[PDB]
Amino acid sequence: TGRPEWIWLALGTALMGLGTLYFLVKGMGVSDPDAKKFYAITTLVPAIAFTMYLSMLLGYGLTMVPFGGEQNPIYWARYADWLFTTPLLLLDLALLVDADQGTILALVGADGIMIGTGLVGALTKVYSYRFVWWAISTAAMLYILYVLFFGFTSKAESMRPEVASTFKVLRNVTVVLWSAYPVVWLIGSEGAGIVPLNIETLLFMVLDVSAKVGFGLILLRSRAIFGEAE
Amino acid sequence: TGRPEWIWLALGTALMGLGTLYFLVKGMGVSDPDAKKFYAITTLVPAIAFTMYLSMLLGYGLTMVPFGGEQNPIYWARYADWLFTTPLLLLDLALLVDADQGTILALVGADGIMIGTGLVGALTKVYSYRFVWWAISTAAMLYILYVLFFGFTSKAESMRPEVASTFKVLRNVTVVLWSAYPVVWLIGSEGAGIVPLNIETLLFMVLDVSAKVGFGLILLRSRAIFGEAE
Amino acid sequence: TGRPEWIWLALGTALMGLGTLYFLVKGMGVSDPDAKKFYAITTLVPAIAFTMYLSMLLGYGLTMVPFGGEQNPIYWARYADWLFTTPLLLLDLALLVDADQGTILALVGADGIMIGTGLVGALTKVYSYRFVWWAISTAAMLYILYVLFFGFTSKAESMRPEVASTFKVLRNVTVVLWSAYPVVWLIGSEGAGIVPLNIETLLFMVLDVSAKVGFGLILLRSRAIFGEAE
Ligand SMILES: CCCCCCCC/C=C/CCCCCCCC(=O)OC[C@H](O)CO
Ligand SMILES: CCCCCCCC/C=C/CCCCCCCC(=O)OC[C@H](O)CO
Ligand SMILES: CCCCCCCC/C=C/CCCCCCCC(=O)OC[C@H](O)CO
Ligand SMILES: CCCCCCCC/C=C\CCCCCCCC(=O)OC[C@H](O)CO
Ligand SMILES: CCCCCCCC/C=C\CCCCCCCC(=O)OC[C@H](O)CO
Ligand SMILES: CCCCCCCC/C=C\CCCCCCCC(=O)OC[C@H](O)CO
Ligand SMILES: CCCCCCCC/C=C\CCCCCCCC(=O)OC[C@H](O)CO
Ligand SMILES: CCCCCCCC/C=C\CCCCCCCC(=O)OC[C@H](O)CO
Ligand SMILES: CCCCCCCC/C=C\CCCCCCCC(=O)OC[C@H](O)CO
Ligand SMILES: CCCCCCCC/C=C\CCCCCCCC(=O)OC[C@H](O)CO
Ligand SMILES: CCCCCCCC/C=C\CCCCCCCC(=O)OC[C@H](O)CO
Ligand SMILES: CCCCCCCC/C=C\CCCCCCCC(=O)OC[C@H](O)CO
Ligand SMILES: *C\C=C(C)/C=C/C=C(C)/C=C/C1=C(C)CCCC1(C)C
Ligand SMILES: *C\C=C(C)/C=C/C=C(C)/C=C/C1=C(C)CCCC1(C)C
Ligand SMILES: *C\C=C(C)/C=C/C=C(C)/C=C/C1=C(C)CCCC1(C)C
């Protein structure tokens, strides 16, 4: 409780926990093989984020990084979280439009570079270098977003209407929510330090819960995840 | 030799080494594509554990963690070992009953959460928190065990008798041997400290060798791993 | 610029960057599903190595390891690089000859053991033990090389001539370039220290660029990556 951001970490933990249990129970009994894949992927995302939010709450996922003449608290657990949950979110989208194996590999690899370089930037001690890593990480994200539009949107329009409809919604949700992440990093404690840590934690918590639980609520209520059968 | 547990680490190293060479030689010449998959998965498990046991023997896979007012030796290499070998063991079982891709993902993800949270619990410095992680890790294991019974056992009974027979044996071996791990952790040096480190090392060594080499001897002598062909 | 090897790190960074952009642009528009897989795998290899070379250039991927009575600079970022790029290189070869899933798993697992044990050897503080890890790592490599000859070369000769032709070239390139890595390690700063660090950096840079960009130029100009169609 000595950390003013603790309230936002406690709430994020609870929402990810509650999201995980809901998806887990809703997924009971689903026999359709296709739907089970989406339930498996989408329930795993908040389970992972739950454990990492708890580690931040309890103080484990925190470290001090000297830069700018001060010791700055850096929650490295966020990057462990994103390293495993962001490729799962992209897999949900790719399996929806039945993307080829080469495009999937491109997306997951670019995603691993995005999060990995963001982690290096967060732990870098030379101030100016942190923004070099931020730029490479942001470059990788632009590739992802380009694929989701001028690489995926065309394949969805040649499939069942419920798939094209649900993909377009989740695509739009993804592009909006993902693009906010590099901004909060840059003006927050990891970058320019304009926004205090307790408010940055609040902002990441809203985005994290929307992009994981909110994403899952939309997808798992759709007919797109079920095969077309009689 | 200054560590009394060294004898159990030297023996575990030798048994994993010897297990690896046996499986490797036995796997020579096997042309059946199905059998080669099981040989590949099952020989990799003791190769990985061999390298990590050796690192513990040589003192690399060891660190000191202050908690309870003392410096406690923690063999972190065990979790690196289990992180890579336990999903391979589950893959052996899943491919046997030809489980769907969504169930496989659920098992491997839950398994990664189980080992990952066990690692955090082992390195946690606040005593009471170590058991919070132990509980989350144990919760993930119960999900795995539930899948192996009320998720897999039903699919094996609808397949070739030799597959149903071999799966049931390996399932039973797995549930018994895996369930002992959380107990040794709790009463051992990582938890309550009731059992001394040298005896905990002995107990993990017996379980490790049984669940990896013993598991492999049963599976790789079975007809289930071979396709049904003339 | 206080590190004499910086020139070789700056050049390696540039060549991996330039290699990545070339493959990325050349891969634009390729619609053939098979070719897209190879373009995806092969463009990812220099993208990863670019980021790790940059981390070495900027001083992040460097640490000091006491052994032999001195503090020795160890670029641990090389192993992070190789951990992710070497299995991708092997996947390029395996998909070319359409290898079975069990052989692929064997190659990637043996490759992960090779790099992982090389990392432990590099960070080991007991001098004699560094060569124990070097030997296990080299043993795993011999298994890989054996598979590429007496495991793959036979499957390529039963396929389209352009595949057999391109595989044989890339196989030969791989065996020659990979086998040099354990030698430079042994006589370089990580081992016997006969060759100074600045020259070891030069040697790894030539090998790294040849085995990644050079490899990719040969493969991606071949007809083998395209399906046979009218
Ligand atoms: C879905 C229904 C619920 C929607 C909810 C969306 C909330 C997302 C945004 C929150 C920003 C909050 C900003 C709070 C800033 C407080 C910091 C502060 O005190 O700033 C003044 C400072 O002391 C001197 O400049
Ligand atoms: C497969 C054929 C072989 C089967 C073999 C199975 C062995 C597994 C169990 C071993 C427990 C050994 C327990 C040894 C405990 C010694 C600790 C000790 O000395 O305890 C007394 C203490 O000094 C004051 O209370
Ligand atoms: C593809 C076209 C280009 C091909 C290019 C291939 C280069 C690869 C090998 C370089 C070795 C360079 C060795 C340089 C050694 C200098 C170290 C030195 O000064 O050694 C003397 C020392 O001072 C007292 O013994
Ligand atoms: C000076 C230049 C330095 C280097 C530039 C910064 C590198 C990091 C940024 C982005 C990753 C780029 C994407 C990497 C993955 C590309 C995969 C690919 O080529 O995919 C083609 C496939 O056909 C699709 O379906
Ligand atoms: C198909 C699979 C594709 C997979 C693609 C993966 C790409 C990873 C690339 C770059 C990020 C590397 C980040 C490494 C950061 C290590 C930080 C660390 O552990 O630092 C230790 C200590 O704090 C200081 O030395
Ligand atoms: C498509 C998604 C793209 C996402 C990526 C967009 C990146 C650029 C955005 C904002 C940078 C704005 C400038 C921030 C730097 C301000 C530095 C400074 O000095 O700020 C002082 C402050 O304004 C008072 O104290
Ligand atoms: C307050 C509550 C906090 C949260 C609870 C503790 C979370 C960690 C424990 C267990 C992981 C649960 C399992 C995660 C993976 C589930 C995958 C799934 O839903 O699989 C359905 C599929 O149909 C199958 O074949
Ligand atoms: C389909 C793929 C599914 C993959 C599912 C993976 C789930 C991983 C989740 C939680 C464990 C995270 C554990 C992270 C522990 C890091 C410990 C560490 O490195 O600590 C450094 C230092 O000792 C102190 O700061
Ligand atoms: C299905 C598989 C389930 C596996 C998981 C089962 C977990 C519960 C088991 C044992 C806990 C027993 C209590 C341990 C705590 C004892 C604390 C204590 O004070 O012990 C003093 C000691 O007995 C003298 O010194
Ligand atoms: C004392 C002996 C100690 C132990 C020896 C050193 C272990 C590490 C070295 C090499 C890894 C060996 C290869 C591991 C993977 C083998 C996979 C396999 O068996 O593959 C068969 C499949 O049929 C193929 O297609
Ligand atoms: C199909 C998938 C197959 C995957 C096969 C993977 C095999 C990995 C095995 C051994 C390498 C382990 C190396 C671990 C090195 C850890 C070093 C480290 O982080 O050390 C921290 C600190 O510097 C000191 O305690
Ligand atoms: C197929 C690929 C195989 C690749 C693996 C091949 C490994 C063996 C090669 C070289 C070792 C040569 C001996 C190196 C040890 C020399 C130690 C020493 O004392 O060197 C002094 C120096 O020569 C003056 O100062
Ligand atoms: C789990 C929820 C989501 C939407 C996570 C996404 C995270 C990112 C898109 C992170 C992006 C970063 C960039 C692009 C630049 C470096 C800083 C970040 C790692 C935050
Ligand atoms: C390699 C052999 C086996 C059977 C390894 C299995 C390891 C586990 C089942 C570990 C379980 C843990 C739990 C459930 C709770 C935290 C402590 C552990 C990581 C030991
Ligand atoms: C990215 C380019 C290539 C060819 C990388 C390959 C790296 C290896 C083959 C590393 C081999 C090692 C061995 C075999 C022994 C321990 C030291 C190394 C990790 C360098």
# chains A, B, ... in the order shown; residues from 1 in each chain; ligands from 1
call {"tool": "residues_near_ligand", "arguments": {"ligand": "ligand 5", "cutoff": "7 Å", "atoms": "only C-alpha atoms and all ligand atoms", "output": "PyMOL selection string"}}
result
(chain A and resi 105+108-109+112-113+116-117+119-120) or (chain C and resi 48+51-52+60-61+63+80+84)
call {"tool": "residues_near_ligand", "arguments": {"ligand": "ligand 2", "cutoff": "9 Å", "atoms": "only C-alpha atoms and all ligand atoms", "output": "PyMOL selection string"}}
result
chain B and resi 195-196+198-199+202-203+206-207+210
call {"tool": "residues_near_ligand", "arguments": {"ligand": "ligand 9", "cutoff": "6 Å", "atoms": "only C-alpha atoms and all ligand atoms", "output": "JSON, numbers by chain"}}
result
{"B": [179, 182, 183]}
call {"tool": "residues_near_ligand", "arguments": {"ligand": "ligand 14", "cutoff": "8 Å", "atoms": "only C-alpha atoms and all ligand atoms", "output": "short mmCIF file (atom, residue, chain, number, x, y, z; two decimals) with N, CA, C and O atoms, in the first residue's frame"}}
result
data_model
loop_
_atom_site.label_atom_id
_atom_site.label_comp_id
_atom_site.auth_asym_id
_atom_site.auth_seq_id
_atom_site.Cartn_x
_atom_site.Cartn_y
_atom_site.Cartn_z
N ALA B 49 16.66 -32.48 -19.25
CA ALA B 49 16.82 -32.64 -17.81
C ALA B 49 18.25 -33.00 -17.46
O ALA B 49 18.75 -32.60 -16.41
N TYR B 79 13.20 -25.29 -12.44
CA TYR B 79 12.06 -24.70 -13.13
C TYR B 79 12.35 -24.49 -14.61
O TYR B 79 11.46 -24.64 -15.44
N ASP B 81 14.22 -26.57 -16.25
CA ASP B 81 14.00 -27.95 -16.67
C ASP B 81 12.51 -28.22 -16.91
O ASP B 81 12.10 -28.64 -18.00
N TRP B 82 11.69 -27.98 -15.89
CA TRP B 82 10.28 -28.33 -15.97
C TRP B 82 9.54 -27.49 -17.00
O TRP B 82 8.52 -27.93 -17.55
N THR B 85 10.33 -29.53 -20.29
CA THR B 85 10.03 -30.95 -20.35
C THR B 85 8.57 -31.28 -20.04
O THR B 85 8.05 -32.26 -20.59
N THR B 86 7.90 -30.52 -19.18
CA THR B 86 6.53 -30.91 -18.84
C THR B 86 5.58 -30.74 -20.03
O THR B 86 4.71 -31.59 -20.22
N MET B 114 1.65 -23.08 -14.52
CA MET B 114 1.99 -23.85 -13.33
C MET B 114 3.47 -23.72 -12.99
O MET B 114 3.84 -23.48 -11.83
N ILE B 115 4.34 -23.89 -13.99
CA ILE B 115 5.77 -23.84 -13.71
C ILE B 115 6.22 -22.40 -13.50
O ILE B 115 7.04 -22.12 -12.61
N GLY B 116 5.70 -21.47 -14.29
CA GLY B 116 6.08 -20.08 -14.14
C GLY B 116 5.74 -19.51 -12.78
O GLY B 116 6.56 -18.82 -12.16
N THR B 117 4.54 -19.79 -12.28
CA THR B 117 4.18 -19.31 -10.95
C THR B 117 4.95 -20.04 -9.87
O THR B 117 5.22 -19.47 -8.81
N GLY B 118 5.32 -21.30 -10.10
CA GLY B 118 6.19 -21.98 -9.16
C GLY B 118 7.56 -21.35 -9.09
O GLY B 118 8.17 -21.29 -8.02
N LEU B 119 8.06 -20.84 -10.22
CA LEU B 119 9.35 -20.17 -10.20
C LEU B 119 9.27 -18.86 -9.42
O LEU B 119 10.16 -18.56 -8.62
N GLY B 121 7.20 -18.13 -7.03
CA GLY B 121 7.08 -18.47 -5.63
C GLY B 121 8.41 -18.86 -5.00
O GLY B 121 8.66 -18.57 -3.83
N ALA B 122 9.28 -19.51 -5.78
CA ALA B 122 10.56 -19.97 -5.25
C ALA B 122 11.51 -18.81 -5.02
O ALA B 122 12.37 -18.88 -4.13
N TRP B 133 1.77 -18.04 -4.48
CA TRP B 133 2.16 -18.55 -5.78
C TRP B 133 2.02 -20.06 -5.84
O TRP B 133 1.60 -20.62 -6.86
N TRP B 134 2.35 -20.75 -4.74
CA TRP B 134 2.17 -22.19 -4.70
C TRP B 134 0.72 -22.57 -4.99
O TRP B 134 0.46 -23.56 -5.67
N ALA B 135 -0.23 -21.77 -4.48
CA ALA B 135 -1.65 -22.10 -4.64
C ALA B 135 -2.12 -21.88 -6.07
O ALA B 135 -2.88 -22.70 -6.61
N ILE B 136 -1.72 -20.77 -6.69
CA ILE B 136 -2.06 -20.54 -8.09
C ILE B 136 -1.45 -21.63 -8.97
O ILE B 136 -2.10 -22.14 -9.89
N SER B 137 -0.20 -22.00 -8.69
CA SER B 137 0.46 -23.05 -9.46
C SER B 137 -0.27 -24.37 -9.30
O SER B 137 -0.45 -25.11 -10.27
N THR B 138 -0.67 -24.69 -8.08
CA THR B 138 -1.41 -25.92 -7.84
C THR B 138 -2.78 -25.88 -8.49
O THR B 138 -3.26 -26.91 -8.98
N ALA B 139 -3.41 -24.71 -8.53
CA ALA B 139 -4.69 -24.59 -9.22
C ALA B 139 -4.56 -24.93 -10.69
O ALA B 139 -5.40 -25.64 -11.25
N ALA B 140 -3.50 -24.45 -11.34
CA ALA B 140 -3.28 -24.75 -12.75
C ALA B 140 -3.07 -26.24 -12.96
O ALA B 140 -3.50 -26.80 -13.97
N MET B 141 -2.39 -26.90 -12.03
CA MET B 141 -2.18 -28.33 -12.16
C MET B 141 -3.49 -29.10 -12.10
O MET B 141 -3.71 -30.04 -12.86
N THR B 174 1.10 -40.44 -14.79
CA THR B 174 1.29 -39.00 -14.78
C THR B 174 0.60 -38.37 -13.58
O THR B 174 1.19 -37.55 -12.86
N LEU B 177 2.48 -39.21 -10.26
CA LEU B 177 3.81 -38.65 -10.09
C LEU B 177 3.78 -37.12 -10.06
O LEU B 177 4.51 -36.49 -9.29
N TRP B 178 2.93 -36.51 -10.88
CA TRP B 178 2.85 -35.05 -10.91
C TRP B 178 2.29 -34.50 -9.60
O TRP B 178 2.76 -33.46 -9.11
N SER B 179 1.29 -35.17 -9.03
CA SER B 179 0.64 -34.68 -7.81
C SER B 179 1.58 -34.68 -6.61
O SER B 179 1.30 -33.97 -5.63
N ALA B 180 2.66 -35.44 -6.65
CA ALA B 180 3.60 -35.44 -5.54
C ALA B 180 4.47 -34.19 -5.54
O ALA B 180 4.94 -33.77 -4.47
N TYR B 181 4.68 -33.57 -6.70
CA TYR B 181 5.57 -32.42 -6.78
C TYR B 181 5.15 -31.28 -5.86
O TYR B 181 6.01 -30.74 -5.15
N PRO B 182 3.89 -30.84 -5.84
CA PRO B 182 3.52 -29.73 -4.96
C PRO B 182 3.69 -30.04 -3.48
O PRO B 182 3.84 -29.11 -2.68
N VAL B 183 3.66 -31.32 -3.10
CA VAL B 183 3.81 -31.68 -1.70
C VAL B 183 5.26 -31.52 -1.26
O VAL B 183 5.54 -30.94 -0.21
N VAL B 184 6.19 -32.03 -2.06
CA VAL B 184 7.61 -31.93 -1.70
C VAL B 184 8.04 -30.47 -1.64
O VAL B 184 8.84 -30.08 -0.79
N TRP B 185 7.51 -29.64 -2.54
CA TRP B 185 7.83 -28.22 -2.53
C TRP B 185 7.37 -27.58 -1.23
O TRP B 185 8.11 -26.80 -0.61
N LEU B 186 6.17 -27.92 -0.78
CA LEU B 186 5.56 -27.24 0.36
C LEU B 186 6.27 -27.57 1.66
O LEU B 186 6.48 -26.69 2.51
N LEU B 207 11.35 -38.81 -8.36
CA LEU B 207 10.18 -38.43 -9.14
C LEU B 207 10.58 -38.03 -10.56
O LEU B 207 9.93 -38.44 -11.53
N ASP B 208 11.63 -37.22 -10.69
CA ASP B 208 12.06 -36.74 -12.00
C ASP B 208 12.40 -37.91 -12.93
O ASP B 208 12.00 -37.92 -14.10
N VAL B 209 13.16 -38.88 -12.42
CA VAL B 209 13.60 -39.99 -13.26
C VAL B 209 12.43 -40.89 -13.60
O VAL B 209 12.32 -41.37 -14.74
N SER B 210 11.52 -41.11 -12.65
CA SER B 210 10.35 -41.93 -12.91
C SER B 210 9.44 -41.29 -13.96
O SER B 210 8.96 -41.97 -14.87
N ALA B 211 9.19 -39.99 -13.83
CA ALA B 211 8.23 -39.32 -14.70
C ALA B 211 8.78 -39.06 -16.09
O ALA B 211 8.00 -38.77 -17.00
N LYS B 212 10.09 -39.17 -16.29
CA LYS B 212 10.71 -38.91 -17.58
C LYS B 212 11.26 -40.18 -18.22
O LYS B 212 10.81 -40.56 -19.31
#
call {"tool": "interface_residues", "arguments": {"of": "chain B", "to": "chain C", "cutoff": "12 Å", "atoms": "only C-alpha atoms", "output": "ChimeraX atom specification"}}
result
/B:17,24,27-52,54-61,77,80-81,84-85,88,91-92,95
call {"tool": "decode", "arguments": {"residues": "segment 93-115 of chain B", "atoms": "N, CA and C atoms", "output": "compact mmCIF listing (two decimals), in the first residue's frame"}}
result
# COMPACT_ATOMS: atom_id res chain seq x y z
N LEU B 93 1.15 -37.51 -24.47
CA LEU B 93 -0.18 -38.03 -24.14
C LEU B 93 -1.22 -37.54 -25.14
N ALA B 94 -1.17 -36.26 -25.50
CA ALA B 94 -2.21 -35.69 -26.36
C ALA B 94 -2.14 -36.27 -27.77
N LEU B 95 -0.94 -36.43 -28.32
CA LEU B 95 -0.84 -36.99 -29.65
C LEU B 95 -1.28 -38.45 -29.67
N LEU B 96 -1.13 -39.14 -28.54
CA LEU B 96 -1.55 -40.54 -28.46
C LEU B 96 -3.05 -40.68 -28.71
N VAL B 97 -3.86 -39.81 -28.10
CA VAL B 97 -5.31 -39.90 -28.24
C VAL B 97 -5.79 -38.97 -29.35
N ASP B 98 -4.85 -38.38 -30.09
CA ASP B 98 -5.15 -37.49 -31.20
C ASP B 98 -6.10 -36.37 -30.76
N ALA B 99 -5.68 -35.65 -29.73
CA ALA B 99 -6.48 -34.56 -29.19
C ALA B 99 -6.50 -33.38 -30.15
N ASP B 100 -7.56 -32.58 -30.06
CA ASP B 100 -7.69 -31.43 -30.94
C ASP B 100 -6.70 -30.34 -30.55
N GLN B 101 -6.47 -29.41 -31.48
CA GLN B 101 -5.45 -28.39 -31.29
C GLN B 101 -5.81 -27.43 -30.16
N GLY B 102 -7.10 -27.22 -29.91
CA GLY B 102 -7.49 -26.31 -28.84
C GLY B 102 -7.24 -26.89 -27.47
N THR B 103 -7.48 -28.19 -27.30
CA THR B 103 -7.20 -28.84 -26.03
C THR B 103 -5.70 -28.86 -25.74
N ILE B 104 -4.89 -29.12 -26.77
CA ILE B 104 -3.44 -29.12 -26.60
C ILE B 104 -2.97 -27.75 -26.12
N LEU B 105 -3.47 -26.69 -26.75
CA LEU B 105 -3.06 -25.35 -26.34
C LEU B 105 -3.45 -25.08 -24.89
N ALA B 106 -4.65 -25.50 -24.49
CA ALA B 106 -5.08 -25.32 -23.11
C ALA B 106 -4.12 -26.00 -22.14
N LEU B 107 -3.72 -27.24 -22.45
CA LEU B 107 -2.85 -28.00 -21.56
C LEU B 107 -1.48 -27.35 -21.44
N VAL B 108 -0.90 -26.95 -22.57
CA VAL B 108 0.45 -26.39 -22.56
C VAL B 108 0.45 -25.02 -21.88
N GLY B 109 -0.59 -24.23 -22.12
CA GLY B 109 -0.69 -22.93 -21.47
C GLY B 109 -0.85 -23.06 -19.97
N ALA B 110 -1.77 -23.92 -19.53
CA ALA B 110 -1.93 -24.16 -18.10
C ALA B 110 -0.64 -24.71 -17.51
N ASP B 111 0.09 -25.52 -18.27
CA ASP B 111 1.35 -26.06 -17.76
C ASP B 111 2.39 -24.95 -17.63
N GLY B 112 2.45 -24.03 -18.59
CA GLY B 112 3.39 -22.92 -18.47
C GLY B 112 3.07 -22.01 -17.30
N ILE B 113 1.79 -21.82 -17.01
CA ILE B 113 1.41 -21.03 -15.84
C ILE B 113 1.82 -21.75 -14.56
N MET B 114 1.65 -23.08 -14.52
CA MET B 114 1.99 -23.85 -13.33
C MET B 114 3.47 -23.72 -12.99
N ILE B 115 4.34 -23.89 -13.99
CA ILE B 115 5.77 -23.84 -13.71
C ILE B 115 6.22 -22.40 -13.50
